[PDB]
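Going down the list, the sequences are from chains D and A.
According to PDB author numbering, the stretch in the first sequence is residues 65 to 350, in order.
According to PDB author numbering, the stretch in the second sequence is residues 65 to 350, in order.
Note that the Cβ used here is the ideal one computed from N, Cα and C, for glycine as well.
There are 2 protein chains.
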Amino acid sequence: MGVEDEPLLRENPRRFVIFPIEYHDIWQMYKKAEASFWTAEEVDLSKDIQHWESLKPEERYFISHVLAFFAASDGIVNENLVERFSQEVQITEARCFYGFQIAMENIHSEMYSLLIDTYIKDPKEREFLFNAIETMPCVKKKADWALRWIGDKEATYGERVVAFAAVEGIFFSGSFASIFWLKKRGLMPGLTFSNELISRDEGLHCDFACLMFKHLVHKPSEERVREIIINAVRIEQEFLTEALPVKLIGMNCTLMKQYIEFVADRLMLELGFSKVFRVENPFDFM
Amino acid sequence: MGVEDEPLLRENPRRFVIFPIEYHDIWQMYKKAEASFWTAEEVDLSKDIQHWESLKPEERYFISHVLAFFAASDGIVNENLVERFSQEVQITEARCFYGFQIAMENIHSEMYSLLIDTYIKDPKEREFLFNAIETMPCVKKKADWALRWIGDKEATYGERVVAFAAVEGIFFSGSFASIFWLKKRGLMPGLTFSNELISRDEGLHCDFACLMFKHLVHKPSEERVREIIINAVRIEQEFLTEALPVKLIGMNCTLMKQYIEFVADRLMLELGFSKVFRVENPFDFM
Ligand code: NA
Ligand code: NA
Numbered sequence: 065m066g067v068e069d070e071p072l073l074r075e076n077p078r079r080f081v082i083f084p085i086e087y088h089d090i091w092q093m094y095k096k097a098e099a100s101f102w103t104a105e106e107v108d109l110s111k112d113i114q115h116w117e118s119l120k121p122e123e124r125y126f127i128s129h130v131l132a133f134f135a136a137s138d139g140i141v142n143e144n145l146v147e148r149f150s151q152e153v154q155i156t157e158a159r160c161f162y163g164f165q166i167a168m169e170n171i172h173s174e175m176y177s178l179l180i181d182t183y184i185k186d187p188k189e190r191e192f193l194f195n196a197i198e199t200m201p202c203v204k205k206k207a208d209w210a211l212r213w214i215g216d217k218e219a220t221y222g223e224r225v226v227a228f229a230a231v232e233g234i235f236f237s238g239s240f241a242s243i244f245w246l247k248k249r250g251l252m253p254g255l256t257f258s259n260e261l262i263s264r265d266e267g268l269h270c271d272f273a274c275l276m277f278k279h280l281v282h283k284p285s286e287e288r289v290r291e292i293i294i295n296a297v298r299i300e301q302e303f304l305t306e307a308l309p310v311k312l313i314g315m316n317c318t319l320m321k322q323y324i325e326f327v328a329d330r331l332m333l334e335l336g337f338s339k340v341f342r343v344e345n346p347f348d349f350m
Numbered sequence: 065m066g067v068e069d070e071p072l073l074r075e076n077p078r079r080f081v082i083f084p085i086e087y088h089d090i091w092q093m094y095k096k097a098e099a100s101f102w103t104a105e106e107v108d109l110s111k112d113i114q115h116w117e118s119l120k121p122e123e124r125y126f127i128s129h130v131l132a133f134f135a136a137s138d139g140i141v142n143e144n145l146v147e148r149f150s151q152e153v154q155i156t157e158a159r160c161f162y163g164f165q166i167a168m169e170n171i172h173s174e175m176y177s178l179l180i181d182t183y184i185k186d187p188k189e190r191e192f193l194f195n196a197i198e199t200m201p202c203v204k205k206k207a208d209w210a211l212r213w214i215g216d217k218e219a220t221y222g223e224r225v226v227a228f229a230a231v232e233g234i235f236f237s238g239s240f241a242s243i244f245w246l247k248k249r250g251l252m253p254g255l256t257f258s259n260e261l262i263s264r265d266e267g268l269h270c271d272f273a274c275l276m277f278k279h280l281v282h283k284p285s286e287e288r289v290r291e292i293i294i295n296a297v298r299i300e301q302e303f304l305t306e307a308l309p310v311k312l313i314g315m316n317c318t319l320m321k322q323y324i325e326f327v328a329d330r331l332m333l334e335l336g337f338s339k340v341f342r343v344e345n346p347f348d349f350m
C-alpha cells in the first residue's frame, strides 16, 4: 500500500529469472504474441501502386493521413511501454509480453512507414507525414490525450492501462475499419493484409491490457473507467467525422460513430464492467 | 558537455518516430537481428536424453551449471537493457536494436530454462539451478561484476557498453566453447543447435556494442578499456579453471585459458584498440 499490496506491481526479486512460470494466463498471451511474429518484409506490396493510382485524390489524402496517424500513434504507445509499463510491472510473464509488444510496435511503425514510402515518392510529402504529431491537426487531439497519460504522475497503473487499451482499442478502431472498408472494395492487397496483421496484434494488446486490469487488487471504479472510455470515444468520433471524415473513402459517418460505441462497449465488458452505449455493430465486415 | 555533445545520447525529439533512417549502419544491424528471429519451439530436444544419460555424473553437473549460469546472466543483461541502455540511447535505430535484443534475451532465457527442464526432472534441482545467482558460488564473481555496472551511477555509457560487451563476449565465450566441444564429441544435438543460435545472437550483440562505441565522441581511454577487459578475462579464466573446471567435460584448462585471451584480443581490435595478449585460437572448432 499503495503498490506493495499489488502482485503485479510489488517487489519481485525473481523478476529477471524466467522460470518457473507462475502466471500461466499472462504467459500464454506472451506465447501467443511470440507465435504470431511477422516482419514488414513479409507483406507483398507489388500490386498496390496500380490500385493507389486509380484512386480519387481525396481517397489518397485520407489513406496517407490514416497511415501517418498510425505510425505516429505507435511511437506514443511505444514510449509508454518503454518508459512506464515495462518498468513498473514486476511480474516476469508481463515483462516478457511488454518486451515483445515493444518489438512488435517498431515493426508496425516500420510497416506504416514503408507503406508511405511505397505510395508517396515526394520527399517533402514523406517528411510531412512522418512528422504528423507536429504537422497534422487531425492527429493532435488523440496524440495529446495519449501523451498526457504518459506524463501523468498521479494516475495509477489501473487508470493508465485502461487509457492505453482505449488508445490501442478505440483510437485505432475507426482507422482499422476504414482499411477493412477498402478491402471490401477490393483495393490494395498489401495495405489490407498488413492491416489484418496489425489489427490482430492490437486486439491482442488490448486483450492483454484487460488481463492485467483483472489482476489488479485496487481497480479504478466503473464510474472512472466509463469517464475515460467515453472521453476516448468522443475524440475518435470527432476524428472520423470532422478532422478526417470517413466520407472521403465512401463510408457512412453516422454508422462509423455507432461502430466506435460498439467497440467501446465490448472493451467495457472485457474490462468486467457494463456496456455504456448499448448499440449494435453496424459493420458486417468487422 | 557532458552528454549533450553525444549524438547517441543527446536530446532527440524524433526518437519515437521511426523514419527516415539516418544511421544506416545501426539500422542494418537491427535488420540483421530481426531477420534471424527464432523461438525455443523450433529447437528439437527429443534426441538429447539418451546422450545425456550416457555421460558421467560430473559431465551432467558441468552442463547443468553452465545452463544455469547462462539463464541467470541473461537476466542481468536484460535488466541492463531495460533499465539503462534502451532508456539512455536516444537514436531510434539503436533503440530498435535494443528493443529487439530484450525480446531475444527472453527467448534465450526460456531456451536455457527448457533445456534444464528437459534434462532435469527433479523440481528441487530445477529450483536450485533457476536461482543460481543465490545458490551457486561459481556464478557469483561474474554476476556481481555485471550487476555492479548496472548500479554504477558514475561510469559512462562508453565504459558500460564495453563492460556489457565483455559480459556477452568474454563471460559467455568459455561456456559457448564448452558446448561446441560437446558437438565435436557428437553429443546432444538439441543443446548444441540452440548453442549455435544463441552464440550467433550474442556475437551480433557484441558487434552492436562495438558499433555504438565507435559512434561515441568521448570514448574511455585504451588503458581504461584494457583494464576492464583484462579484469573480465581473469574472472572468466577463474570460472573455467577453478570454479567450474572444463576438465569435467574433458577439455584442457590451459588451452581454454588461452582461448579466452584470444576472444578478448578480437574484442579489443573490434573496439578500435590493440591486442592485449597476442595469443592464437587454440580451438579449431571455434
Ligand atoms: Na520470474
Ligand atoms: Na527517429
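Exercise. With distances taken from CA atoms, which of A/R330, A/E123, A/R264 is nearest A/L251?
Worked result: As a position in the second sequence, residue 251 of chain A is number 187, starting the count at 1. A/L251 has its Cα closest to that of A/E123, out of A/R330, A/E123, A/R264.
For this session: Could you check the C-alpha separation between A/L333 and A/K339 for me, to the nearest Å?
Result: As a first step, residue 333 of chain A is located in the second sequence; it is residue number 269 there, counting from the start. As a first step, residue 339 of chain A is located in the second sequence; it is residue number 275 there, counting from the start. Between A/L333 and A/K339, the C-alpha separation is close to 6 Å.
Exercise. Should D/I243 be flagged as near chain A, meaning a C-beta pair shorter than 8 Å?
Worked result: The sequence position of residue 243 of chain D within the first sequence is 179, counting from 1. Cβ-Cβ to chain A under 8 Å: no for D/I243.
Exercise. With C-beta atoms as the reference, is D/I90 less than 8 Å away from D/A158?
Worked result: Walking along the first sequence from the start, residue 90 of chain D turns up at place 26. Walking along the first sequence from the start, residue 158 of chain D turns up at place 94. For D/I90 and D/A158, yes; Cβs fall inside 8 Å.
Problem set entry | Cβ neighbours of D/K247 in the same chain (closer than 7 Å, five flanking residues each side left out) | What you label residue 247 of chain D is simply residue 183 of the first sequence in a count that begins at 1. The answer, listed in chain order, is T256.
Problem set entry | Run of the alpha helix (DSSP H) containing D/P284, from where it starts to where it stops | As a first step, residue 284 of chain D must be located in the first sequence, where it is residue number 220. Under the DSSP assignment, D/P284 falls outside any alpha helix (DSSP H); it carries neither an H nor an E label.
For this session: Kindly say whether D/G139, judged by its beta-carbon, lies nearer than 8 Å to any beta-carbon of chain A.
Result: Position 75 of the first sequence holds residue 139 of chain D. Yes, its Cβ sits closer than 8 Å to a Cβ of chain A.
Exercise. Chain D beta carbons: is any one of them nearer than 8 Å to that of A/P201?
Worked result: Looking up residue 201 of chain A in the second sequence gives position 137. No, its Cβ sits nowhere closer than 8 Å to a Cβ of chain D.
Exercise. Considering only residues of the same chain and omitting the five flanking positions on each side of A/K283, which have a CB-CB separation below 6 Å?
Worked result: Along the second sequence, read from residue 1 onward, the residue named residue 283 of chain A stands at position 219. For A/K283, the CB contacts under 6 Å within the same chain, skipping 5 residues up- and downstream, are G222 in chain order.
Problem set entry | Contacting residues, own chain, Cβ-Cβ under 7 Å from A/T103 (five flanking each side not counted) | Counting from one through the second sequence, the residue named residue 103 of chain A turns up at place 39. Correct list, in chain order: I171.
For this session: Less than 8 Å between the CB atoms is what I'm expecting for A/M276 and A/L72, so what's the real figure, rounded?
Result: Translated into positions along the second sequence, residue 276 of chain A becomes position 212. Translated into positions along the second sequence, residue 72 of chain A becomes position 8. Sure, about 7 Å apart at Cβ, within 8 Å.
Exercise. Can you name the residues of chain A whose CB is closer than 8 Å to the CB of D/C160?
Worked result: As a first step, residue 160 of chain D is located in the first sequence; it is residue number 96 there, counting from the start. Within 8 Å Cβ-Cβ: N170.
Exercise. D/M320 lies in the alpha helix (DSSP H); which residues open and close that run?
Worked result: As a working note, residue 320 of chain D is residue 256 in the first sequence. Segment 317-334, the alpha helix (DSSP H) holding D/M320.
Exercise. Looking at the C-beta of D/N195, does it have a partner C-beta in chain A at a distance below 8 Å?
Worked result: Working through the first sequence from its first residue, we reach residue 195 of chain D at position 131. True, the Cβ-Cβ gap to chain A drops below 8 Å.
Exercise. With distances taken from CA atoms, which of D/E98, D/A99, D/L179 is nearest A/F83?
Worked result: If you number the second sequence from 1, residue 83 of chain A lands on position 19. Considering only alpha carbons, the answer is D/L179.
Exercise. When the Cα atoms are used, what is the spatial distance from D/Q322 to D/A230?
Worked result: Here residue 322 of chain D corresponds to residue number 258 of the first sequence, with the count starting at 1. Here residue 230 of chain D corresponds to residue number 166 of the first sequence, with the count starting at 1. Near 16 Å, if we compare the C-alpha coordinates of D/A230 and D/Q322.
Exercise. Quick one: is D/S239 near chain A, going by C-beta distance under 8 Å?
Worked result: If you number the first sequence from 1, residue 239 of chain D lands on position 175. D/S239 does not count as touching chain A.
For this session: Could you work out which residue in D/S128, D/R342, D/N76, D/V203 is closest to D/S177 when comparing CA atoms only?
Result: For the purposes of this step, residue 177 of chain D is taken as residue 113 along the first sequence, with counting starting at 1. Looking at the Cα atoms, D/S128 is the closest of the given residues.
Exercise. Mind checking if A/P121 is an interface residue toward chain D, Cβ cutoff 8 Å exclusive?
Worked result: On the second sequence, position 57 is the one that residue 121 of chain A refers to. With 8 Å as the cut-off, A/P121 does not count as an interface residue toward chain D.
Exercise. Taking Cβ-Cβ distances below 9 Å as the criterion, which residues of the segment 125-136 of chain D are in contact with chain A?
Worked result: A135, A136
Exercise. Can you name, in chain order, every residue of its own chain whose Cβ lies under 6 Å from the Cβ of D/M315, other than the five neighbours on each side?
Worked result: Looking up residue 315 of chain D in the first sequence gives position 251. For D/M315, where only same-chain residues beyond five positions count, the Cβ hits under 6 Å are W245.
For this session: Express the C-alpha separation of A/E117 and A/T182 in angstroms, rounding to a whole number.
Result: If you number the second sequence from 1, residue 182 of chain A lands on position 118. If you number the second sequence from 1, residue 117 of chain A lands on position 53. Looking at the two C-alpha atoms, the distance is approximately 12 Å.
For this session: Indicate whether at least one CB of chain D lies closer than 8 Å to the CB of A/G163.
Result: Counting from 1 along the second sequence, the entry for residue 163 of chain A is found at position 99. Yes, A/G163 counts as interfacial toward chain D.
Exercise. Taking only runs of the alpha helix (DSSP H) that begin and end inside the segment 110-161 of chain D, which ones reach a length of at least 4 residues, in chain order?
Worked result: 112-118, 121-144
Exercise. To the nearest angstrom, how far is it from the Cα of D/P309 to the Cα of D/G139?
Worked result: By one-based count along the first sequence, residue 309 of chain D stands at place 245. By one-based count along the first sequence, residue 139 of chain D stands at place 75. When rounded, the distance between both Cα atoms is 24 Å.
Problem set entry | Identity of the residue in A/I324, A/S263, A/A227, A/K185 nearest residue 23 of chain A by Cα | With chain A running from 65 to 350 in the structure shown, residue 23 of chain A is simply not present.
Exercise. For ligand 2, any of its heavy atoms closer than 7 Å to the Cβ of D/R288?
Worked result: If you number the first sequence from 1, residue 288 of chain D lands on position 224. No, the beta carbon of D/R288 sits no closer than 7 Å to any heavy atom of ligand 2.
For this session: Quick one: which residues of the segment 67-82 of chain D get their C-beta closer than 7 Å to a C-beta of chain A? List them in chain order.
Result: Against chain A - using a Cβ distance shorter than 7 Å - the residues of the segment 67-82 of chain D are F80, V81, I82.
Problem set entry | ligand 2 heavy atom lying under 7 Å from the CB of A/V81 | What you label residue 81 of chain A is simply residue 17 of the second sequence in a count that begins at 1. Yes, the beta carbon of A/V81 sits closer than 7 Å to at least one heavy atom of ligand 2.
Exercise. Can you list, in chain order, the residues of the segment 87-114 of chain A whose Cβ is nearer than 7 Å to any Cβ on chain D?
Worked result: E98, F101, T103
Problem set entry | CB contact below 8 Å: A/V153 versus chain D | Within the second sequence, numbered from 1, the residue matching residue 153 of chain A stands at position 89. Not closer than 8 Å to any Cβ of chain D, the Cβ of A/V153 fails to qualify, so no.
For this session: Would you mind working out which of A/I166, A/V281, A/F349 sits nearest A/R74, comparing C-alpha positions?
Result: Translated into the one-based positions of the second sequence, residue 74 of chain A becomes position 10. Distances from the CA of A/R74 to each of A/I166, A/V281, A/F349 were compared; the closest alpha carbon is that of A/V281.
For this session: Determine the contact status of D/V107 and D/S258, defining contact as a CB-CB distance below 8 Å.
Result: Along the first sequence, read from residue 1 onward, the residue named residue 107 of chain D stands at position 43. Along the first sequence, read from residue 1 onward, the residue named residue 258 of chain D stands at position 194. In contact: D/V107 and D/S258 (Cβ atoms closer than 8 Å).
Exercise. CB-CB under 8 Å to A/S110, same chain, minus the five flanking residues each way: which ones, in chain order?
Worked result: For the purposes of this step, residue 110 of chain A is taken as the residue at position 46 of the second sequence. Answer for A/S110: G254, listed in chain order.
Exercise. So does D/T199 have its beta carbon nearer than 7 Å to some heavy atom of ligand 2?
Worked result: Within the first sequence, the letter at position 135 stands for residue 199 of chain D. No.
For this session: Figure out for me which residue from D/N76, D/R78, D/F326, D/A97 has the closest Cα to the Cα of D/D271.
Result: Here the question's residue 271 of chain D lines up with position 207 in the first sequence. Among D/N76, D/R78, D/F326, D/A97, the Cα nearest to that of D/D271 belongs to D/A97.
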